[PDB]
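Participant: PDB entry and its sequence, pasted below:
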Amino acid sequence: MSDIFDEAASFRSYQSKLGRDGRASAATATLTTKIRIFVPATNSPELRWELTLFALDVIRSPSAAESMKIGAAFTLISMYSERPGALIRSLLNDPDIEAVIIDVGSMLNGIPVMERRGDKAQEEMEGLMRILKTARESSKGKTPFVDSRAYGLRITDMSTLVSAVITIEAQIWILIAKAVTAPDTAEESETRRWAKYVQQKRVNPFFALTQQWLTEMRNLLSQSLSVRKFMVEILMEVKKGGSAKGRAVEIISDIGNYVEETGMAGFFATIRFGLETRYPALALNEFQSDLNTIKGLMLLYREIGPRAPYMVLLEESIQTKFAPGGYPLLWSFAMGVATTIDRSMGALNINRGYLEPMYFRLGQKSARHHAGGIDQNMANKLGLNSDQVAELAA
Amino acid sequence: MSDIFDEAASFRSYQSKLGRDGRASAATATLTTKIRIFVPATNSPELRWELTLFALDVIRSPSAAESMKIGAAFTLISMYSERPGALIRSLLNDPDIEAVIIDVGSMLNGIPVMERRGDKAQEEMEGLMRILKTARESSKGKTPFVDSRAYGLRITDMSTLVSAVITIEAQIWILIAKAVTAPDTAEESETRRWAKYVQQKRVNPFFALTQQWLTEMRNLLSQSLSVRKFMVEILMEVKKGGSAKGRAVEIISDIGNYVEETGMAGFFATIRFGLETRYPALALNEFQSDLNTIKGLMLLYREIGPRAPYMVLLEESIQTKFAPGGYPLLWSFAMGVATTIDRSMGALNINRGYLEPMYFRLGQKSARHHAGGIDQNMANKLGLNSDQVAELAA
Amino acid sequence: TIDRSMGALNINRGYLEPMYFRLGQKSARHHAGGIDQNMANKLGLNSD
């Protein structure tokens, strides 16, 4: 009767937020791995420039352990800040890892430990020379930068160091957008992002890392979740306005615009195209289930918090509930109108196992062959009967 | 008269929750079996790696007693946690078994009990040696891992131990989804999950157990209810958000996303297809009793609690009431409409004794030949008669 | 007529009243479709 078809509406709503309540215990505590991070102790450009040159080699090194690679990645990302140690410690929310911040101090060819020389210090020094030698020998004499003069470059001016650092920072931050969604199909948008900043003169193109190095870093960035968690945390904190933003932060925030809502195009295309742009072909006894699920998903996205857009980057388990497959019918209809309306929509890979071509065809017809689609008009267009015909005349 | 057909509805509602009230006594207390669990006392990677290798061997062993196999399974599942004993003790709700947590301490080829050597210890040592020898001899020299180098592999880095343990836990946790529903028809969805996690780089494919070991572990998991209860409790605790989630916890929750509502495809398919997607063929005076039963089942499911999705895993007696057989007509109608609508639905085995082919045919017709089926339109589609005709044309 | 399993039940009692049994048999199939009160308004359901 009347009561039924409404009990389920609450039942499906209740089923979504079934056990997602309360607080968990500390028993489920992940084992932690020690991560050694080399941060510059001082503000001297010569030390910082020599440090970021070292961090580039460690990432490019094939003999480097993964823990060292994470430390080099953390060293690079926090190079812009005047207090890299404070930034890492106050913006780390990774239960998987524990970070031991190491102030570099002075700077040799490698790094001087400068702590009880001879006692548990020489072996680390030999290891770093093995890291540096293997890193340089692995490549065919090719420096990480696309310009060989950018590697053996002496930096003593603070102005030059800052510009050089951002270019290394910016080129790294391009990769996060398509590091886990489709890392193989990258280097097209990444080059487009780099070209945009070069034309804006925000980045000096002299310090341009080669694509061989970028592939090595992107592979490291995709494998490791701790680096992604730290980099997402920076994005969220920078996104919060209120204070003055420096050149380093402004580029990071600008890059974060492309990073947001990544890896969830299937869900958002359904929202933008399938749900909005109201087509008379919506209520057809086969979308009401998907419409109800989509409505529940909106509340879940609002409930998650500020980490919702970067769900794929953090690999949240809640993301699977958002993926198409729980509402394949409306999603198939949604990309049916999406491919016809948006020219860019159509390069998306949607060769899933629940394509439902019949509903895809209906979406294709809905964009063009359905009707003109005049929604409720606040302005009274009493003589616009032919106006729709002229619009429909194409 | 008017009172009839409402008195009957209240009677059925009261009969559903007939005697499920009050609190039971302690007289009906099951006999408990001692279960010996070997947990790592320290955090040294070598000891934990040796312990998980021993657990793999014991599980693979054919001469192992069932209690030893359950102990090995509990040892494996809790290896990721830094304090496995606390995790097991604080997440155990099994009246059938009592767990005696044993801190391993040091590690020989097997495990040193290190408690009054010579007194009631040498027999256990020789028993464990027999277990290991039988496990190694039983297979044709084949290690549990698909790579022979992964077995005799020395682990001293914490990161490598974490990665290997994560891979082993993931491969174990794939089996729970289809361990009791259809264990024989597995190895397809399990392989799909493994491929998905490999493509996400969450699991290192080097530590991939062979399919023979996976079959043995799936058989053990299907036979035993205590392991299933422990893993369902872990899933429930992990599902509760609020705290930071590690890589192991994220993987476990992502797997539990697939685990939820397993073994109840008939009921939920009935809901989603027959109940929702309102078809003019619903109100037919042969579905009213089924609709009332379905409503009562919905209230029962809401009443059960957070264990409602995992009733088949825990083998709850309430599950039999949820199974089709109390509402075969609406279930058959929903199966027909689902098979016509959902392409994936149709690989389901529905060769029951209450198929009612007439209602299956009625649902098949209602899916396609019935009508366009335009529901209540909030947006007024004045001229959408031709739109409905075109939609029905397909 | 409705439940296939129902029919293995032994109902050979002394008060069978076949005339009312026959009417029940006709009620399931030959009586009518039996459209009950419809919360959803299906105006075009005459052919349905």
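Facilitator: Arrived safely. Residues are numbered from 1 along each chain as shown, chains lettered A, B, ... in the order given.
Participant: mind listing the helices for the stretch 51-200 of chain A?
Facilitator: Here the stretch 51-200 of chain A has its helices, by DSSP state H, counting those that start in this stretch, at A:66-77, A:84-90, A:122-138, A:158-175, A:189-199.
Participant: And the longest one, how far out from the chain middle?
Facilitator: So that's helix A:158-175. 18 Å (CA atoms, centre = their mean, to the nearest Å).
Participant: can you list contacts of it?
Facilitator: Residues from elsewhere that reach helix A:158-175 (CB atoms under 8 Å, 6 or more residues apart in numbering or on different chains): A:43, A:45, A:48-49, A:52, A:56, A:76-77, A:79-80, A:155, A:186, A:190, A:193-194, A:197, A:202-209, A:214, A:217-218, A:221, A:231, A:247-248, A:251-252, A:255. Heads up, the C-betas are built off the backbone N, CA and C, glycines and all.
Participant: let's see 6 Å
Facilitator: Residues from elsewhere that reach helix A:158-175 (CB atoms under 6 Å, 6 or more residues apart in numbering or on different chains): A:45, A:48-49, A:79-80, A:155, A:190, A:193, A:203-204, A:207, A:209, A:218, A:221, A:248, A:251, A:255.
Participant: Within range of chain B, give me the residues from chain A.
Facilitator: Proximity of chain A to chain B is confined to A:4, A:7-8, A:11, A:19-20, A:22-24, A:27-31, A:33, A:66-67, A:95-96, A:222-223, A:278, A:280-281, A:283, A:285, A:289, A:315, A:317, A:320, A:371 under the rule CB under 6 Å from any CB of the partner chain.
Participant: From the residues you listed, which land in strands?
Facilitator: When these are checked against strands (DSSP state E), the matches are residue A:33.
Participant: Just the buried residues from the residues of chain A next to chain B, in ChimeraX please.
Facilitator: A single ChimeraX command selects the buried members of the residues of chain A next to chain B (16 or more other CB atoms under 10 Å in any protein chain shown):
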select /A:4,8,11,19,24,27,28,29,30,31,33,66,67,95,96,222,223,280,281,283,285,289,315,317,320,371
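Participant: Chain C contacts on chain A?
Facilitator: So chain A meets chain C at A:1, A:2 (CB under 6 Å from any CB).
Participant: Which single residue of chain A ends up nearest chain B?
Facilitator: Among the residues of chain A, residue A:30 lies closest to chain B, at 2.8 Å counting by CB to the nearest CB.
Participant: Is that residue bridged to anything, and to what?
Facilitator: residue B:81 (DSSP bridges).
Participant: Could you double-check that it lies in contact with residue A:94?
Facilitator: No - the pair residue A:30 / residue A:94 is not scored as a contact, 9.6 Å apart, by CB atoms under 6 Å.
Participant: where along the stretch 201-350 of chain A do the helices fall?
Facilitator: A:211-223, A:225-239, A:247-259, A:265-269, A:288-304, A:311-314, A:319-322, A:328-341.
Participant: Mind putting these into JSON lines with distance to residue B:129?
Facilitator: Listed next are the helices of the stretch 201-350 of chain A as JSON lines, based on distance: least, CB to CB, whole Å:
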{"stretch": "helix A:211-223", "distance to residue B:129": "39"}
{"stretch": "helix A:225-239", "distance to residue B:129": "40"}
{"stretch": "helix A:247-259", "distance to residue B:129": "55"}
{"stretch": "helix A:265-269", "distance to residue B:129": "54"}
{"stretch": "helix A:288-304", "distance to residue B:129": "52"}
{"stretch": "helix A:311-314", "distance to residue B:129": "46"}
{"stretch": "helix A:319-322", "distance to residue B:129": "44"}
{"stretch": "helix A:328-341", "distance to residue B:129": "54"}
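Participant: Show me what counts as buried in stretch A:332-345.
Facilitator: A:332, A:333, A:334, A:335, A:336, A:337, A:338, A:339, A:340, A:345.
Participant: with these in mind, which one is nearest to residue A:389?
Facilitator: Among the buried residues of stretch A:332-345, residue A:340 lies closest to residue A:389 (CB to CB), at 20.7 Å.
Participant: I'd like to know how many residues surround residue A:179.
Facilitator: 25 (other CB atoms under 10 Å in any protein chain shown).
Participant: can you tell me how far it sits from residue A:164?
Facilitator: Distance, residue A:179 to residue A:164, by CB to CB, to the nearest Å: 23 Å.
Participant: before we move on, what about residue A:95?
Facilitator: 34 Å.
Participant: Then residue A:12?
Facilitator: 55 Å.
Participant: now do residue A:312
Facilitator: From residue A:312 across to residue A:164, the span is 32 Å (CB to CB).
Participant: out of those two, which sits in the busier spot?
Facilitator: Comparing residue A:312 with residue A:164 by other CB under 10 Å, the one with more neighbours is residue A:164, at 24 against 19.
Participant: Now the residue of the stretch 101-250 of chain A found nearest chain C: closest residue in space that isn't a chain neighbour?
Facilitator: Using CB to the nearest CB, the closest approach of the stretch 101-250 of chain A to chain C is made by residue A:181 at 42.0 Å. Leaving aside its sequence neighbours, residue A:181 sits nearest to residue A:263 (CB to CB, 6 or more residues apart in numbering or on different chains; 4.4 Å).
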